[PDB]
Amino acid sequence: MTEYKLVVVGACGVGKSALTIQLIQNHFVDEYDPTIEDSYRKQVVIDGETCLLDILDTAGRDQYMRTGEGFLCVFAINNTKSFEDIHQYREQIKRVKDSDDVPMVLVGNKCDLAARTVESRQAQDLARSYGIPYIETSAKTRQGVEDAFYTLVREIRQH
Ligand SMILES: Nc1nc2c(ncn2[C@@H]2O[C@H](COP(=O)(O)OP(=O)(O)O)[C@@H](O)[C@H]2O)c(=O)[nH]1
Ligand SMILES: [Ca+2]
Ligand SMILES: [Ca+2]
Ligand SMILES: [Mg+2]
Ligand code: NA
Ligand code: NA
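Residues numbered from 1 in each chain as written, not as in the entry; some residues may be left out. Chains lettered and ligands numbered in written order. Heavy atoms only, no water. Residues with missing side-chain atoms left out of burial classes, pairs and counts.

For this coordinate set, the PDB header names X-ray crystallography as the determination method and states a resolution of 1.606 Å.

> What should I look at first to understand the UniProt feature "short sequence motif: Effector region" in the chain in this one?
Residues annotated by UniProt as "short sequence motif: Effector region" correspond here to residues 32-40. The distance separating the terminal C-alpha atoms of residues 32-40 is 15 Å; by composition the span is 0% helix and 33% strand. (UniProt positions renumbered as here; feature names shortened; annotations may be inferred. Helix = DSSP H or I, 4+ residues; strand = E, 2+ residues; numbered from the N terminus.)

> Looking at this model, I keep getting lost on the nonpolar core. Mind explaining?
Proteins that are soluble and globular tend to have nonpolar side chains buried together. Among the nonpolar cores identified, the biggest contains 29 residues, and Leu6, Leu53, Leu72 and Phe149 are the most heavily contacted of them. Residue assignment for this core shows that the elements contributing at least two residues are β1 (2-10), α1 (16-25), β2 (38-46), β3 (49-57), β4 (70-76), β5 (104-109) and α6 (145-158). Broken down by element, this core gets its largest block of residues, 7 residues, from α6. The residues touching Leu53, leaving out its near neighbours within four places in the chain, are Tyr4, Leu6, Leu23, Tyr40, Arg41, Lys42, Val44, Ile46 and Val153. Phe75, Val102, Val118 and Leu126 belong to the second largest nonpolar core, which has 22 residues in total. (Core = buried A, V, L, I, M, F, W, Y, C linked by side-chain atoms within 4.5 Å. Buried < 20%, exposed > 50% of the residue type's maximum accessible area, 1.4 Å probe, protein only. Contact = heavy atoms within 4.5 Å.)

> Teacher, can you tell me more about the site of ligand 1 here?
Neighbouring ligand 1 are 19 residues; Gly13, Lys16, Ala18, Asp30 and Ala139 lie closest to it. The separation between an oxygen atom of ligand 1 and a polar main-chain atom of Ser17 is 3.0 Å. Protein burial of ligand 1: of its 580 Å² of free accessible surface, 85% is covered by the chains. Of the residues forming the shell around ligand 1, the biggest block, 3 residues, is contributed by α1. Residue classes in the shell around ligand 1 are distributed as 9 nonpolar, 5 polar and 5 charged. (Near = heavy atom within 4 Å. Polar contact = N/O pair within 3.5 Å; in protein donor to acceptor, adjacent residues only side chain to side chain. Areas by Shrake-Rupley, 256 points an atom, 1.4 Å probe, with all protein chains shown as cover. Nonpolar A, V, L, I, M, F, W, Y, C, P; charged D, E, K, R; others polar.)

> Explanation requested: the sheet that holds β5 in the structure shown.
Strand pairing in a sheet takes place through backbone hydrogen bonds and is either antiparallel or parallel in direction. Strands sit in the order β2-β3-β1-β4-β5-β6 across an open sheet of 6 strands; the sheet is mixed. If you trace the sheet from one side to the other, it starts and ends with β2 and β6 (134-136), each paired once. Going from strand to strand, the sheet's axes swing by 25° on average, the running direction of each strand aside. Pairing analysis gives 6 bridges linking β4 to β5, with the strands arranged parallel. Within β5, the residue paired with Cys73 across the bridge is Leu106. Here α1 sits on the sheet in contact with β1, β2, β3, β4 and β5, set at roughly 155° to β3. Relative to β4, helix α4 (residues 86-97) is tilted by about 165°, and along the sheet it contacts β1, β4 and β5. (Pairing = 2+ DSSP bridges. Axes fitted to C-alpha atoms, helices over the stretch in contact; angles between N-to-C directions.)

Take a look at the structure:
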């Protein structure tokens, strides 16, 4: 059975854990320990293929960075600093992968919140500059969550 090794990165508080737990448990967590870093497993069918997702939810390991097959680079659309921080996460990934061609999806999380300070078009443009997709999500409503993870799988498959 095929396994896809995924790594979720981004600034503290953007919703890395909430996204991961929403995908695994179908539940929105309101106060998950910001320091807990662990890997989670889920069997899913994607485009007719039964596969295993092996997901590291990082909390700011070396093994997953080195052997991770794709990365969700997450910021929150109500957190300008987190968006600005994305560049540094992608630079770290390029250094470990020794490549500028790494399966990756840019995720703008917390799209349910009204205090938007990063416009969709800003993030689209960032993603275009990296040659990667941009997807908006809400870990709270579940909007876009499966799409983000499954798109990452589809990006790994093109690699
Ligand atoms: N409204 C809203 N809050 C969110 C969302 N995702 C995460 N949060 C909240 O943001 C805070 C940080 O989430 P968390 O998963 O711990 O972030 P992490 O540090 O990236 O793992 C928590 O209070 C979450 O409940 C979302 O999509 N919408
Ligand atoms: Ca290197
Ligand atoms: Ca390397
Ligand atoms: Mg966390
Ligand atoms: Na602005
Ligand atoms: Na690309």
